[PDB]
Structure formats: C-alpha cells, structure tokens
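In: Quick one: experimental structure and sequence below.
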Amino acid sequence: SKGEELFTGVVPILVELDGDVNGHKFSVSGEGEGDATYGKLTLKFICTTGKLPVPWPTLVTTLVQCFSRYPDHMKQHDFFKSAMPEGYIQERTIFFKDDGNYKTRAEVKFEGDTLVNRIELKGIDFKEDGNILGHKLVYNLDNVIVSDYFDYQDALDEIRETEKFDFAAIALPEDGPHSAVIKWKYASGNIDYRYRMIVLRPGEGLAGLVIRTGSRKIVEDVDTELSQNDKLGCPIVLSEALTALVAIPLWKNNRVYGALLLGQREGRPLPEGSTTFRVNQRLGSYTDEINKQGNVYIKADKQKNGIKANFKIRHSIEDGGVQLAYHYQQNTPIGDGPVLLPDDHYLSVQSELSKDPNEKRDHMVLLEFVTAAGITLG
C-alpha cells in the first residue's frame, strides 16, 4: 500500500519517554534503526535524568511494532504499517502481578524520514521493596520460565487429563565427565516432592530401563508383578504410591531422550492405552503449541478503527522466580484515512539486552527480532 513502501529499507528511530512511577520522576531517550524486512531493531536507550527507578526490562515493551516482519501471505494484517505515515496512538496498561501498574500513552508516527515513539508513563501502587522498585529482576527479556523451559508441567497436566491417569512424570538424563544420571525433573499429580530427590545411574530403575530398552514397560499391578528387587531398583513407584504404571520412551531424532511415566494409585486399573507414538506426538504437539504463551496476541477493534493486543511478560527474579506483567494494549490510527484491520494473529519476539562498554550513564542496548504468524490462509 502506501504505508508499506516506507519500511522497505533501514529506517532511523527516535524514542522519548517521560515517566513518573510512584512519584519517582525520570526520562529516557532512545535511538536506533529498524529493518522490517528482517524484523530487526537495534537501539540504545539512556536515562537522561539520572538513575532509572525501575528495572530496564519493564520498559522494553513500552519503548514500535510497525517494524514487524509480516510475510507475504500476511501483509493484509499490518494495521501498524497501514496507519503510516500519519501514525497511531498506543495506550497500554501493564499490571505487574502482586505489585503496581503502568499506564502508558505513546505516539508512533513518521517525523520526516524518522520513525518516532513519544511516551508518557504513569506508574502507581508499587512496593518500595518490590521487584520493580527494588530492581530484583534479571537484566534480560527472555520471555520464559527458566525452571520449566518447554513447560513439561502444563503438557504433562494435559497428558494426565487425556490418558486418564493419576500421575505423570518425565525423567531426563544429565551428563557428567565419564558418566550420566537420570532424575525425575517434571511431574503432574505428584503427592511429594521426594521423587525430586531420586537419582538413577544409566540403565537403572524404570527410567533407565526404558531409556536403554527404547520400549515400554506396562505394570498392571505393582504388588503382583514387581519383584522385591524390582521395587528396590525402582524408587519412583513407592515414592508416589503407585499401584499400576506404564513407562514410555520419549523419542527425538531416533534416540531416547528421556522417559515418561504414567501412573495409577489406590488400585485403580490401567486405562486402555496409547501407542508410545501417539503419546510422543502429543507432548510434542502440546508443548509446541503452548510455547506461544509469551507472544503478542493481536485482535481487531472495529469500532475504534484500530486493534487491541494482550500478552504476558515473564521477568526472571534474582533468587529464582518470575514476576508477571499482564499487558492490555489499545492502538488507534492518527489519520482519518483507511487502515488495514486484521484477522487474529500473534507476534513472536526475541529480545536481547546488553550494555555499551564506553557508556557511563544508565543505559540499555536492545536488539530485537519480531515476526508475525498465526494466519495460513490465502
């Protein structure tokens, strides 16, 4: 269209933010380049008023989605670029779970040949020793739960619901200089956390057996079918009080990368079956689909001639943890001309944060990759 043509090459960016968070006033300035053919953003930000009172990652989301790579089959869904050069207004509300919130208004428009982001930001109700005002968040924007990357828990939950089981767990090997060890790392339906303390040498226990075998083990009754040595060698059974179980190898590039245990307790009988293949297909499919939790979910707002977006940002915490930031976002065009209104889709964002080695002021170097996805028709 008309707004498309402008982003064909590298575009300079100016960003300015005026902020008040719990009475703490501050200002931030940023500049860089955006390349929407790559979905790439390079920028540097400076706190020009002194020290930044909030952790830098919490402002990344606030500090130009018109630079997102839309593949050809999705160009019909750039509201952002369609609103150019007149620009658009981005209001947004960010609720930090169990802490304060940001209210932000931003103008994103072309000034000359420079794409510009001007922001007013008001933050309220923050705890003085909270993660934000206490700068307890780690310096990155990895939109992930480090402790359960891949989200076995949630996938495992689904497996437990779908295969009508009382217990689900995944065992994974961990290398070592001349040997390895298998541990039970992720579990659904667990009664203890003592399964977490199990350590198996290779080929030992139910997990080691399944991983060396690469074939399942079905146990319809533990007490009748498992020897005393069997139970001695398989501590997960007694630890989680199992009366029946099925152990399944997990297959990747034609290798067993782990073990999945499905468990019945209180004498409850084993239910039907799944062919290891289906089981592996699921947990593949479910994990892959659920890894989209951090993406930006865009939906049209026909009445406001614009769009709205939702997402959640996971901020790692110093000691281990996650601070949640729930984002509600409104985008309305500046001009009164025609804009493109899209079918629901999402944006995937990779964000990297660093520091300029010759910069004494409080700052943030930001590299970002953003692609649109979620529509496969026409």
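Out: Cool, got the structure. Residues are numbered from 1 along each chain as shown.
In: Give the buried residues for stretch 100-117.
Out: Neighbour-count burial for stretch 100-117 flags 100, 101, 102, 104, 106, 107, 108, 109, 110, 115, 116, 117 (criterion: 16 or more other C-beta atoms under 10 Å). In this view, the C-beta of every residue, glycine as well, is placed from N, C-alpha and C.
In: Going by distance to residue 37, which of those wins?
Out: Here the nearest of the buried residues of stretch 100-117 to residue 37, counting by C-beta to C-beta, is residue 115; it sits at 14.6 Å.
In: Spit out the contact partners of that closest one.
Out: Under the criterion of C-beta atoms under 8 Å, 6 or more residues apart in numbering, the contact list for residue 115 reads 11, 12, 13, 14, 34, 64, 66, 67, 108, 109.
In: Which of these fall in strands?
Out: When these are checked against strands using DSSP state E, the ones located there are 11, 12, 13, 14, 34, 108, 109.
In: Could you check how far the second one is from residue 206?
Out: The reference is to residue 12. According to C-beta to C-beta, to the nearest Å, residue 12 and residue 206 sit 60 Å apart.
In: And those two? Which one has more around it.
Out: When residue 12 is set against residue 206 and neighbours are counted by other C-beta atoms under 10 Å, the residue ahead is residue 206, at 26 against 13.
In: Doesn't the more buried one lie inside a strand?
Out: No. The assignment for residue 206, made by DSSP: H, G, I helix; E, B strand; the rest coil, is helix rather than a strand.
In: For whatever helix or strand residue 160 lives in, buried residues please.
Out: Secondary-structure element containing residue 160, defined by DSSP states H and E: helix 152-162. By neighbour count on 16+ other C-beta under 10 Å, the buried set for helix 152-162 is 152, 153, 154, 155, 156, 158, 159, 160.
In: Mind giving me the packing neighbours of it?
Out: Packing contacts for helix 152-162, counted by 3 or more C-beta pairs under 8 Å, 6 or more residues apart in numbering; DSSP states H and E, involve strand 167-174, strand 181-188, strand 256-265, helix 285-290.
In: The second one: how far from the chain's middle?
Out: Its chain's C-alpha centre and that of strand 181-188 lie 22 Å apart, by C-alpha atoms, centre = their mean, to the nearest Å.
In: Contacts for that strand next, please.
Out: Taking C-beta under 8 Å, 6+ apart as the criterion, the residues outside strand 181-188 that touch it are 148, 152-153, 156-157, 159-160, 167-174, 195-196, 198-202, 204-205, 207-208, 211, 236, 259, 261.
In: Please check which residues sit opposite the nearest residue to residue 362 once chain neighbours are set aside as beta-bridge partners.
Out: Nearest residue to residue 362, sequence neighbours excluded (C-beta to C-beta, 6 or more residues apart in numbering): residue 47, at 4.1 Å. Beta-bridge pairing for residue 47 (DSSP bridges): residue 28.
In: my guess is residue 375 meets residue 78, correct?
Out: No. Residue 375 is beyond contact range of residue 78, at 11.8 Å (criterion: C-beta atoms under 8 Å).
In: Between these two, which has more neighbouring residues?
Out: Just comparing residue 375 and residue 78: by other C-beta under 10 Å the higher neighbour count belongs to residue 78, 23 against 17.
In: Which neighbouring elements make contact with the strand or helix carrying residue 3?
Out: Secondary-structure assignment from DSSP H and E places residue 3 in helix 2-5. Counting contacts by 3+ C-beta pairs under 8 Å, 6+ apart, helix 2-5 packs against helix 79-82.
In: Relative to residue 266, how far out is the residue nearest to residue 20 when sequence neighbours are not counted?
Out: Nearest in space to residue 20, with sequence neighbours left out and distances taken as C-beta to C-beta, 6+ apart, is residue 122 at 5.5 Å. When C-beta to C-beta is applied, the distance between residue 122 and residue 266 equals 55 Å.
In: More neighbours: the two, which one.
Out: Of the pair residue 122 and residue 266, residue 122 is the one with more neighbours under other C-beta under 10 Å, namely 14 against 9.
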